[PDB]
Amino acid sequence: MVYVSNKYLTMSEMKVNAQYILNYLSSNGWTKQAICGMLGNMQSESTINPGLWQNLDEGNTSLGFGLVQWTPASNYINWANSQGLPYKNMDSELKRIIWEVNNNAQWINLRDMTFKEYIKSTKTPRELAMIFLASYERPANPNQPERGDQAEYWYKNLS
């Protein structure tokens, strides 16, 4: 059970999606801290919503889409289409992230941590959130300390 829409999610809806992601990536070898650092980012990017378009601008593939706001959306959507996966889908977006770790895509090592180090890290959710922000997301505004608060929130409130 997950929410997938082009709409901002409430805290209760986010928590449903966030527990789902935690469970999924735990089975694929990620630490709870690394997952929660990324969740802190996904909350700012998309309110942890796999259906979310940047500005709620549905169908604009030049802009951000999905949990981490792949920008241009086509970066992700072309890959899903090419792989035979439905693009507007929680698991499809999670499979993209695993694909990126495996193929060293998306990540630029700006904090002396590789993507493979990151998913195995037991540093704080706050620290990992800031690393993930700087290395993976890289938005125009680098100053979003909220992502670290949010990572700590999920680490505390999820199982």
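All residue numbers refer to positions in the sequence shown, first residue = 1.
- The stretch with the higher mean CA B factor, choosing between 137-145 and 15-23, is 137-145.
- For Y118, the recorded CA temperature factor ranks within the middle third of the chain's modelled residues.
- When the modelled residues of the chain are ordered by C-alpha B-factor, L128 sits in the middle third.
- Among all modelled residues in its chain, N28 ranks in the highest third by Cα B-factor.
- Sort the modelled residues of the chain by CA B factor and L63 lands in the highest third.
- In this PDB entry, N104 carries a Cα temperature factor that places it within the highest third of its chain's modelled residues.
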